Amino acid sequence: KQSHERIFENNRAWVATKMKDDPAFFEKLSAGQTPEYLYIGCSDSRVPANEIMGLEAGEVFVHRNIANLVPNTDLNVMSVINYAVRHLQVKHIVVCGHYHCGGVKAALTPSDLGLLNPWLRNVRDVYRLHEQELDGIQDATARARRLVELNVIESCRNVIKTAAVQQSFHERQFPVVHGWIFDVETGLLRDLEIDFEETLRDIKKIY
């Protein structure tokens, strides 16, 4: 309960430092700046997107969920993507995963987690789509790291499959989609080099 007071005191100190360090920060923040990026990341990742990316917050529209998923029938993430593309006219969409991801780890443990099961089932489906690759990695840690990367790649594919991204990219040549991995050990972003154009053509084949 003392926790409440602690946060409000920190907020006041942060406002004072921000006013002293940056004169027009609140004025700029209260002024409208349209974000250039949609970032989809994990709820249990440890550093905010704009810090990692060295952007000012206001430049990144953010969605975070367990294990940075983009499931087909999830209106929560689909409404984020639709708003970002059709309302904000964002030029970049990023899916960013991270190593030491509790969401991805939890997905592999054979427990019935009731309500969590259908969410984490999406990660187990990534595992089955890439079973030969993953089963050929003998070290548990390296296998887990590869699963986090494949999960990002499949989340990226799911973004590219949205009608919002396909229609916008056809009519206007944006946005592009990237998959990244954030490594807490070094703080460095690594690009997974999802081939957007190749993936977009691969997906448009049907029709």
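Heads up: residue numbers just count along the shown sequence, starting at 1.
Novice: Looking only at CA atoms, which has the higher mean B factor in the entry: 66 to 74 or 24 to 32?
Specialist: 24 to 32 has the higher mean C-alpha B-factor.
Novice: Could you check the entry and say whether 46 to 54 or 161 to 169 has the higher mean CA B-factor?
Specialist: The recorded data point to 46 to 54.
Novice: Looking at the C-alpha B-factor values in the deposited entry, which of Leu129, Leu113, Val95, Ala84 comes out highest?
Specialist: Most elevated C-alpha B-factor of the set, per the entry: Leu113.
Novice: When you compare the CA B-factors of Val80, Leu134, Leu108, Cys101 as listed in the entry, which one comes out on top?
Specialist: That would be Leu108.
Novice: Taking the chain's C-alpha temperature factors as the reference, tell me which third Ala140 falls into: lowest, middle or highest.
Specialist: CA B-factor rank for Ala140: highest third.
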